[PDB]
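As a starting point, one isolated chain is supplied in structure tokens, in the form deposited in one PDB entry.
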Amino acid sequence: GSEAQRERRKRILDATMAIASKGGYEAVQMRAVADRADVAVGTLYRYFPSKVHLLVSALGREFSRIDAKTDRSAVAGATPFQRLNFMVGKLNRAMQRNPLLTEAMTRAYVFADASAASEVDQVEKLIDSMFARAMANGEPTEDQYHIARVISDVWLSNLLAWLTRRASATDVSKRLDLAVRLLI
């Protein structure tokens, strides 16, 4: 709605990501987010009705932005195979840039119940679409969207393994390009 309100929302989401960067999920505490966005906690709950909604919107907003910084690059490589490997890689890297910030958003994303479905949906759609439109070098086909979904599922699984120290960054890229190749 109003300019001030769009400005409060952004301030709340910048706080959340600043805090998550230094402390992960356990440090994204609602008094701390509020305090640092200079709002009372009741105002915080007016804008985001749970810690999880808050984090899934922060993750929604970060992917929207990556989606912008990704339009020429994603459509750079000369074959679908290559454009996909490239997009997977840029996204993998973006996530590895701040493990604790990634950790907070990703766990909220998979933990979210049905009351957050609409926020969880946007993030899943954005990710599917970044992959599809890179693979297809523009508007994807039906087959290319379905392939893109499978690759987002593989990505998420591997990201969760990387976060829980069950897999290294090497294991993750090996499993990802393994999946890409089996579907192209």
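Under this definition, the rigid core comprises the largest set of C-alpha atoms superposing within 1.5 Å between the forms. The numbering used is simple: start at 1 and walk along the sequence shown.
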ask   = Checking the other PDB entries with both flanking residues built, is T79 absent in a third or more?
value = no
inquiry  = On mean Cα temperature factor in this entry, is 132 to 140 or 41 to 49 the higher one?
reply    = 132 to 140
note = Between 101 to 109 and 73 to 81, the record assigns the higher mean Cα B factor to 73 to 81
message = Highest recorded C-alpha temperature factor, please, choosing from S64, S118, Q29, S152.
response = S64
ask   = Where does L156 sit by CA temperature factor within its chain: lowest, middle or highest third?
value = middle
message = Per the entry's values, where does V123 land by CA temperature factor relative to the rest of its chain, in the lowest, middle or highest third?
response = middle
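As for the form deposited in another entry, it is not shown, yet the points below apply to it.
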task = Tell which of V123, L159, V52, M130, after superposing on the rigid core, has its C-alpha displaced by 2 Å or more between the shown form and the other one, please.
result = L159
request  = Kindly check if the Cα atom of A169 is displaced 2 angstroms or more between the shown form and the other one relative to the superposed rigid core.
outcome  = yes
message = Taking the cut-off of 3 Å or more as given, in which direction does the distance between the C-alpha atoms of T164 and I66 change in the other form, closer or farther?
response = farther
